[PDB]
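Asker:
Number of protein chains: 4
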Amino acid sequence: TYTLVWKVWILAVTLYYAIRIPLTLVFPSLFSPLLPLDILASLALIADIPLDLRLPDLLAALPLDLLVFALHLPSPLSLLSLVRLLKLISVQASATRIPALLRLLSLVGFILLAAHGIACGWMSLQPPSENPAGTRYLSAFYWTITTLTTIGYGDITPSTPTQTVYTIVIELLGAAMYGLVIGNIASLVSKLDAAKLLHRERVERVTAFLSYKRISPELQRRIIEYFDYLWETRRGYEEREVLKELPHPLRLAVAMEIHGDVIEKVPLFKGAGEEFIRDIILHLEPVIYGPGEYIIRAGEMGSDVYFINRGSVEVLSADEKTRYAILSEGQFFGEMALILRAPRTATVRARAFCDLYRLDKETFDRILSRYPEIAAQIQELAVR
Amino acid sequence: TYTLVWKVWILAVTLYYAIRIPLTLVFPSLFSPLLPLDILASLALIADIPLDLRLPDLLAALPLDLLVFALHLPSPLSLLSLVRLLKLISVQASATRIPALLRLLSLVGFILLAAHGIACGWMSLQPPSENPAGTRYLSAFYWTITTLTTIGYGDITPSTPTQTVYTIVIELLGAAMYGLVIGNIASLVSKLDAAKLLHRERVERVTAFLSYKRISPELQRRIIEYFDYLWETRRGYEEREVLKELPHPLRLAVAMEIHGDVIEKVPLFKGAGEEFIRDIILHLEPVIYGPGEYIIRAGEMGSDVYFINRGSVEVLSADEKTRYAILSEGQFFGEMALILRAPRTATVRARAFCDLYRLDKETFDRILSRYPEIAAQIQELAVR
Amino acid sequence: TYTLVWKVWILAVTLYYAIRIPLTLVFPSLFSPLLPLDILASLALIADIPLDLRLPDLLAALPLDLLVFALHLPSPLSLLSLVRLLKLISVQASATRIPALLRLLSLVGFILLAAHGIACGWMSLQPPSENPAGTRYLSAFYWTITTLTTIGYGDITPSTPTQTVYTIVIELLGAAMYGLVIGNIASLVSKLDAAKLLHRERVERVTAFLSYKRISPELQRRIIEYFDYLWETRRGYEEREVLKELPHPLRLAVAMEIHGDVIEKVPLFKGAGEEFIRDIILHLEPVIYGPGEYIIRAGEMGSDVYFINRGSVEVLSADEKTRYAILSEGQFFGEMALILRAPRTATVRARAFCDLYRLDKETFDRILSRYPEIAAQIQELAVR
Amino acid sequence: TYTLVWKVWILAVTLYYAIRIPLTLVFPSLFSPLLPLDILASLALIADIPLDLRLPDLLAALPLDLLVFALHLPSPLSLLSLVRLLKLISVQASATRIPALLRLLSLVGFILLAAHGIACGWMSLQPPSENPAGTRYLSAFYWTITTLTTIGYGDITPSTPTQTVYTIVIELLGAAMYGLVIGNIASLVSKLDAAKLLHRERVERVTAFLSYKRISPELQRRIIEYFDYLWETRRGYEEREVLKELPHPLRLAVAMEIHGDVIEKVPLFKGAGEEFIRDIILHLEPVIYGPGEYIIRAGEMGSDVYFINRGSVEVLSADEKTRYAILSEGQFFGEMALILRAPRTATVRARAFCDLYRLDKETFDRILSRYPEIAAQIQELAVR
Ligand SMILES: Nc1ncnc2c1ncn2[C@@H]1O[C@@H]2COP(=O)(O)O[C@H]2[C@H]1O
Ligand SMILES: Nc1ncnc2c1ncn2[C@@H]1O[C@@H]2COP(=O)(O)O[C@H]2[C@H]1O
Ligand SMILES: Nc1ncnc2c1ncn2[C@@H]1O[C@@H]2COP(=O)(O)O[C@H]2[C@H]1O
Ligand SMILES: Nc1ncnc2c1ncn2[C@@H]1O[C@@H]2COP(=O)(O)O[C@H]2[C@H]1O
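Chains as they are written, first to last, in this note's numbering: chain F, 1177 to 1560; chain S, 1177 to 1560; chain R, 1177 to 1560; chain C, 1177 to 1560.
1) At least one CB of chain S closer than 9 Å to the CB of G1350 (chain C): is that the case?
2) Which residue wins for smallest C-alpha separation from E1496 (chain S), given the options S:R1546, S:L1348, S:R1473, S:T1179?
3) What does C1530 (chain R) pair with, by DSSP beta-bridge criteria?
4) Here's a check: name, in chain order, each residue in its chain whose Cβ is nearer than 7 Å to the Cβ of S1479 (chain R), leaving out the five neighbours to either side.
5) Locate the alpha helix (DSSP H) running through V1489 (chain R), then write down its first and last residues.
6) Using 9 Å as the limit for Cβ to Cβ distance, is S1366 (chain C) near chain R?
7) Can you find the residues in the same chain that come closer than 6 Å, C-beta to C-beta, to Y1193 (chain S), ignoring five residues on each side of it along the sequence?
8) Using only the heavy atoms of ligand 2, determine whether one of them is closer than 8 Å to the beta carbon of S1479 (chain S).
9) Does DSSP put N1485 (chain S) in a helix, a strand or coil?
10) Tell me whether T1179 (chain C) is buried or exposed, calling it buried when 16 or more other Cβ atoms sit within 10 Å of its Cβ.
11) Please identify the residue among F:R1534, F:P1209, F:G1468 whose C-alpha is closest to the C-alpha of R1398 (chain F).
12) Can you look up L1258 (chain C) in the DSSP assignment and give me helix, strand or coil?
13) Should the segment 1412-1432 of chain S be called in touch with the segment 1447-1454 of chain F, which here means at least 3 C-beta pairs below 8 Å?
14) Going by Cα to Cα distance, which pick from C:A1551, C:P1334, C:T1383, C:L1428 is closest to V1418 (chain R)?
15) Could you give the C-beta distance for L1458 (chain R) and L1428 (chain R), rounded to a whole number, given that I count them as a contact under 8 Å?
16) DSSP state of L1503 (chain R), grouped into three classes?
17) Name the one or two DSSP bridge partners that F1509 (chain R) has.
18) Can you tell me whether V1524 (chain F) is helix, strand or coil according to DSSP?
19) Is DSSP giving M1432 (chain F) helix, strand or coil here?
20) Name, going along the chain, the residues of the segment 1377-1393 of chain S whose beta-carbon falls closer than 9 Å to a beta-carbon of chain F.
21) Among residues of its own chain, excluding the 5 on either side of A1316 (chain S), which ones have a beta-carbon nearer than 7 Å to its beta-carbon?
22) Counting only beta-carbon atoms, is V1430 (chain S) nearer than 9 Å to chain R?
23) If contacts are defined as beta-carbon pairs under 8 Å, then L1368 (chain C) and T1338 (chain C) qualify, I think. What distance do you get, rounded to the angstrom?
24) Tell whether a beta-carbon distance below 9 Å holds between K1263 (chain F) and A1290 (chain F).
25) So which residues of chain C does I1434 (chain R) contact, with C-beta pairs closer than 7 Å?
26) Examine ligand 3 and report whether any of its heavy atoms sits within less than 8 Å of the Cβ of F1483 (chain R).
27) Quick one: using the 10 Å Cβ neighbour count with 16 as the cut-off for buried, is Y1329 (chain C) buried or exposed?
28) Between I1327 (chain F) and chain R, is the shortest Cβ-Cβ distance under 9 Å, so that the two count as touching?
29) Quick one: does the C-beta of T1521 (chain F) sit closer than 8 Å to a heavy atom of ligand 1?
30) Where does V1430 (chain S) land, buried or exposed, given buried means 16+ other C-beta within 10 angstroms?
31) Tell me, please, whether the CB atom of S1545 (chain F) is closer than 9 Å to any CB atom in chain S?
32) Who are the Cβ neighbours of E1476 (chain S) in its own chain at under 7 Å, not counting the five residues just before and after it?
33) When the distance is taken between beta carbons, is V1491 (chain R) closer than 9 Å to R1527 (chain R)?
34) Pick out whichever of S:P1423, S:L1314, S:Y1533, S:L1277 has its Cα sitting closest to the Cα of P1462 (chain R).
35) Smallest Cα separation from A1276 (chain F): which of S:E1380, S:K1446, S:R1525?
36) Strictly below 7 Å CB to CB, what residues from chain F border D1331 (chain S)?
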């Protein structure tokens, strides 16, 4: 769009004023050559009220400048020129509508602008000396960053009672600002990148107690390695415990957008209409299995239907001998447990860290009854 | 009322003593013209015990003043005059019975009062010099705020062993107070305005993981925009997960007070007695639907009765053609699913971010059986 | 007992050594008159190993003293005399087996002892001057508390390269200790008195959102006043949500100890055996009702039996007229709903913030069937 | 393995460069005798790219050294020699793949290396003086640790405008680093050893409220002593509330590995196949009972089967007289409640803090029906 360029340009204009207006307060030698750059900035700043898509904007937009330094408006009553900086609140509020920027750019940039302003103010109540403005500005900012950040050298100290009063309030405000921002950043880096901080402690607690006990090396592996698979394939995250709070039509939408891998590639899941993909993809619950891991033994009960998405798993006999075959992508098994109401003849292991989807049984038999075509689709692969 | 004026006036009196009594300790030149303002303050402070609707009040109310400085009661035994400031505990406790004031006014104001008192105390053990009291007070407060806030210039340093002992304990206590208050405020601004801090992180976690995955732009919208609707219409808040802990008669009262919009404007909900509004307004569960969002397809099961409060939704045929009509405020639909025990003929979308109330079915059929009049009221709109 | 006196006396002995041994290192003028007080302390410290009801105790108990300063054991090899202070670990561990003391006395006392020790150490590598030991000790502790607490005056600075090396490590260690303890206390006062901090925020969140909405003044009261009743009678606390984690025999024991008020004062609950008081006092669930609050209307269903412990409640007719009677302490009602299987004729309000116990119905009818005597006890008051 | 030695040697090489390269920048007198030790380090650093099991490694591996100081490559363009230290990111990332090291060695070691580097840099923009390099290095590091750790002596101050500019940015960066690391460590020690910190507060809350009430001394004991048994035998930990998040095959594996004590030592649990130990060891729920604690009275209902692992419990009559016998390790009781469908004749107490396993009943009767052999194994001990 084009309006973001307008926001960044008005931001630049407000920074221009925040750097220049205190300098013009201290140095009346300015504002004489800058009048074109001042009138353009003033017209830009006054041409912003009606763009809604208001007190600070109205207070800053009144043309108090071009008069403060022209009519020369003596110093005790010229301190009302600072009301032009109240656009800081508006721009900080709008900076959210554009932890990297909430408490980072709104804090260190504010600290720098405030430091510049207060160094210029501390420059103002000094006796008129004979030194270059640049080196005096560096010295003033040096003293300012010394007392604002709580260092305390003391090579520059107040001498007049009015400067001693000013240094009381600047000491208080600066050590408040320093402590505030530093404590905020310290409490925020303990929240920054909250995925590695929360998840790694999730691993720490479990690991800690299982290593308080003693566990075999071939079970020490696959524990830290299941956390590694959940750290690399899933990046420290289970899914369902975080997706309850998202609404029911929103679990429908997010789940049909995300679980696009399992559906419309196996002949069961392609061409299966639409009331499935809303009804069952929320019930589509994934699990992860490691290498050489058993699920069923010979003839157990409650053997739900196993939908393999990717990965190859061998099927063998009840014993280790007489290799049957390989089952791989694009197919499924596990179905003649409930449709045939019969005990089972199957043995399963896994080659590697395989992903397999495990859905419940009562909803399965509830929904297959409402659909002759796809229960028949199950049925030919059941019978042949 | 009038008693709050009495609390603020006694607060002013205690501040008056906290500022003045150390000054009279250091400067015996006072207390001579202030005797009217001292007797009125003393009578006001002693006329507060019986107003219950007690150790600090009794200890402060004893007339030790008007004698400490009259009989002149030499300095080592005059330090018991400080027992009059123990009303600080009482006023700080009562300040709750009147995070903007719990750890803000009880901390910075306490810091300022303590700073004044300890600067006056540090003034006390100085050699008698020849300087104005005002500039010496500013210098003493300057050194105090220098060492209390941990800056460390060093232009003013102790010289006598007794002053070196006093500066040990004031250094310890001041750096304790500084660290305490600054760490408290730093940990409190991470709790201050806890709605934007908690909710924005609620958005952050979800957004973070859904953007760790990749989601379509027309589904990137309505996610952040559902959070925007929950941030502007609801201000970052779901309702039921926070209202369990409120008691059952209190969910009755709060819910009948709050959900006054849905009831007594549709002819179902007006004139419907009272045992409804207690029985069902807790079961009145709201949901939000975005533009162009489906709910039902053609003839599904379990189509509960839809109560639309505000907003207009179109009804069309099973296909996109042959526009039926507009359904809008003041009415309802969704009813012939359970009363007629029949499949459905309806298609629904939404124009915008519409609010719709979704209540359960088993309680509905439980309560409609106990009420002939209002099930009949449902029935004419069902039949005609 | 007597052994706690022994622990406090050995604690005093360890403090005696921690204060005195560095002084004897710096000042060899000591240890000459203190030999009785040294031999008694040594015999007390060596007579502590066998009292189990061990490395630091054994390392401290070896008689290296009485030889370090007698044979004079030149200074570079005399630094092993500090191994006697390792009883600090043992006493800090035992201080739990005796937030007011876990991170308070183990931190500020440790800071003070460490400060004393390191000030004496900084005294050790100084050129031999001619000043009183007291004022030099105050000056050394002054510099120490200046650099340990990060103040930085600079009136005392290192001059020799070895003192510059020592001040590097003491600066590092002292600013580590200062930051550690101050951040710990700042994070602990945000946990200190965790009942007012957790509960008041519990009130804050609810109050905040109900005042984000608008609620009537006669419902603004009884909300904050129900929190006041839960803050004064219960002190910010519900009961059952915290007593699940306590085990089942332990809910039996704690509940029969605590709920001694409701039982054995009404004729139902006295003389009722024992298998009740274990079976039902966990199911004894309390609720609180405010003034003038309705529960039932005329003839509703599911009117469980109401056990009033204390407080008087009026019973009136279905309308406001024809006052029936007062029901008060020592009795109960609510019973002919389930035993007679009949609709109800009752109206109830409450005079004030009354406490009433509400138990479930299925367990009630399960247990009354196993007990003829007490269901009969219910029965006469039901029938007469 | 051998590759960890390679990582520690390359770590030593990177530390060698981080200490030496700034010194060679400041002191061109080096690099002349070190050429063998420089060529070996360079060949080691360039022989690390292909060992995957990449921008910093490639940028550091380019042979910019051996030319920077040979061709003498004048000072303003020689600052690109610092790009060799970017292996810090790689080694800090790999330090996790090898709270004692996450935010401890990555922070204090980084602080020390940064301090050395910035002290050498501050040495660089000094006028050429005539002092030994060692004492000047100590003085520079002294000033650096003074301003980096926010102490502020002031014996060494900048004089040139360029040094004043450098001290502005080093003051800012150093007080940022100091505050960051110290606040991080302060917030981490409140998380460090999170077992004693979390559990002791678990004890604190309960103890606090039960001591807000008043509880008998023989019930004050066994409360703190049940927490002591859970603190010494279990180390502040219940089991099931933390093992839900571990997956179902993983509760199978972890539970069969951990609960190896109860199984295969009583004749019930040995030789019982395998589908038990997966089916019931997750349902194997442990409880702890203290001395002299009742469970059943005479003839109650729902007396599940009691599996005693270790400890001896007496059985007596319904009254205190006529001692029956001792029941001890290797056996079980509690079985004729459900198999015989009969009321009970038993009384039980406990000698000490005994561990007993309590499993549910519906799964027990569900699984015993599928197993004739082991229900018969139950049956002979039931009948004889
Ligand atoms: N001849 C065969 N060789 C290998 N696998 C088979 C064979 N016949 C059937 N199967 C699969 O083995 C599975 C075991 O029973 P299921 O119900 O899981 O579904 C079964 C089929 O998918
Ligand atoms: N002729 C019509 N045109 C538009 N809407 C209708 C018409 N007749 C009924 N409806 C509504 O359409 C809804 C679809 O079925 P419901 O049970 O939800 O309730 C129905 C009625 O409220
Ligand atoms: N004559 C009466 N006057 C006042 N209260 C009564 C009278 N008779 C019965 N009650 C009580 O009124 C209660 C209303 O029905 P309950 O089942 O709650 O138990 C009833 C009795 O305890
Ligand atoms: N003669 C006996 N002396 C002691 N204990 C017995 C005797 N006979 C049975 N028991 C045990 O007492 C227990 C009480 O009933 P249970 O069903 O718990 O299982 C019973 C047996 O294990």
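Note that CB positions come from ideal geometry on N, CA and C, so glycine has one too.
Answerer: For this structure:
1) One-based indexing of the fourth sequence puts residue 1350 (chain C) at position 174. Taking Cβ atoms only, chain S never reaches closer than 9 Å to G1350 (chain C), which makes this a no.
2) Counting from one through the second sequence, the residue named residue 1496 (chain S) turns up at place 320. Cα-wise, what sits closest to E1496 (chain S) is S:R1473.
3) Residue 1530 (chain R) sits at position 354 when you count from the first residue of the third sequence. Paired residue(s): R:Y1465.
4) Residue mapping note: residue 1479 (chain R) aligns to position 303 of the third sequence, counting from 1. The residues are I1472, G1510, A1513, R1520.
5) Residue mapping note: residue 1489 (chain R) aligns to position 313 of the third sequence, counting from 1. Element bounds for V1489 (chain R): not the alpha helix (DSSP H) but the beta strand (DSSP E), 1489-1491.
6) Locating residue 1366 (chain C) in the fourth sequence gives position 190, where the first residue counts as 1. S1366 (chain C) belongs to the set of residues whose beta carbon lies under 9 Å from a beta carbon in chain R.
7) What you label residue 1193 (chain S) is simply residue 17 of the second sequence in a count that begins at 1. Same-chain partners within the cutoff: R1260.
8) One-based indexing of the second sequence puts residue 1479 (chain S) at position 303. Result yes, Cβ under 8 Å from ligand 2.
9) Mapped onto the second sequence, residue 1485 (chain S) falls at position 309. In the three-state DSSP reduction, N1485 (chain S) falls in the strand class (E or B).
10) Taking the first residue of the fourth sequence as position 1, residue 1179 (chain C) is located at position 3. With fewer than 16 Cβ atoms within 10 Å of its Cβ, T1179 (chain C) is classed as exposed.
11) By one-based count along the first sequence, residue 1398 (chain F) stands at place 222. Answer by Cα proximity: F:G1468.
12) As a working note, residue 1258 (chain C) is residue 82 in the fourth sequence. DSSP, read as helix, strand or coil, puts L1258 (chain C) in helix.
13) These segments do not touch.
14) Sequence index remark: in the third sequence, residue 1418 (chain R) carries index 242 (1-based). Closest by alpha carbon: C:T1383.
15) Counting from 1 along the third sequence, the entry for residue 1458 (chain R) is found at position 282. Counting from 1 along the third sequence, the entry for residue 1428 (chain R) is found at position 252. A Cβ-Cβ distance of about 7 Å is found for the pair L1458 (chain R) and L1428 (chain R), placing them in contact under the 8 Å criterion.
16) Position 327 of the third sequence holds residue 1503 (chain R). Here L1503 (chain R) sits in strand by DSSP.
17) Taking the third sequence and counting its residues from 1, one reaches residue 1509 (chain R) at position 333. Beta-bridge pairing links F1509 (chain R) to R:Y1482.
18) In the first sequence, counting from the first residue as 1, residue 1524 (chain F) sits at position 348. Collapsing the DSSP output to three states places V1524 (chain F) in a strand.
19) One-based indexing of the first sequence puts residue 1432 (chain F) at position 256. Collapsing the DSSP output to three states places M1432 (chain F) in a helix.
20) Cβ contacts with chain F come from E1377, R1378, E1380, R1381, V1382, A1384, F1385, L1386, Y1388, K1389, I1391, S1392.
21) One-based indexing of the second sequence puts residue 1316 (chain S) at position 140. Around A1316 (chain S): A1295, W1298, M1299.
22) The residue given as residue 1430 (chain S) occupies position 254 in the second sequence. Interface residue, yes.
23) Counted from its first residue, the fourth sequence places residue 1368 (chain C) at position 192. Counted from its first residue, the fourth sequence places residue 1338 (chain C) at position 162. Actually they do not touch by this definition, with Cβ atoms about 43 Å apart.
24) By 1-based counting over the first sequence, the position of residue 1263 (chain F) is 87. By 1-based counting over the first sequence, the position of residue 1290 (chain F) is 114. Cβ distance not < 9 Å, so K1263 (chain F) and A1290 (chain F) don't count as in contact.
25) The sequence position of residue 1434 (chain R) within the third sequence is 258, counting from 1. Taking a Cβ-Cβ threshold of 7 Å, the residues of chain C close to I1434 (chain R) are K1389, in chain order.
26) The residue given as residue 1483 (chain R) occupies position 307 in the third sequence. Not under cutoff, so the answer is no.
27) On the fourth sequence, position 153 is the one that residue 1329 (chain C) refers to. So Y1329 (chain C) ends up on the buried side.
28) Numbered from its first residue, the first sequence carries residue 1327 (chain F) at position 151. Yes, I1327 (chain F) lies at the interface with chain R (some Cβ there is under 9 Å from its Cβ).
29) Within the first sequence, residue 1521 (chain F) is the residue found at index 345, counting from 1. Flag set: Cβ of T1521 (chain F) near ligand 1.
30) Sequence index remark: in the second sequence, residue 1430 (chain S) carries index 254 (1-based). Only buried fits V1430 (chain S), as 16 or more other CB atoms lie within 10 angstroms of its CB.
31) Translated into positions along the first sequence, residue 1545 (chain F) becomes position 369. Chain S contact via Cβ: absent.
32) Taking the second sequence and counting its residues from 1, one reaches residue 1476 (chain S) at position 300. Beyond the five residues adjoining it in sequence on each side, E1476 (chain S) comes within less than 7 Å, by CB distance, of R1520 in the same chain, given in chain order.
33) The sequence position of residue 1527 (chain R) within the third sequence is 351, counting from 1. The sequence position of residue 1491 (chain R) within the third sequence is 315, counting from 1. Taking 9 Å as the Cβ cut-off, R1527 (chain R) and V1491 (chain R) do not qualify as a contacting pair.
34) Within the third sequence, numbered from 1, the residue matching residue 1462 (chain R) stands at position 286. Taking only the C-alpha atoms, the option nearest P1462 (chain R) is S:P1423.
35) For the purposes of this step, residue 1276 (chain F) is taken as residue 100 along the first sequence, with counting starting at 1. Taking only the C-alpha atoms, the option nearest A1276 (chain F) is S:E1380.
36) Position 155 of the second sequence, counted from the first residue, corresponds to residue 1331 (chain S). The answer, in chain order, is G1330, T1333.
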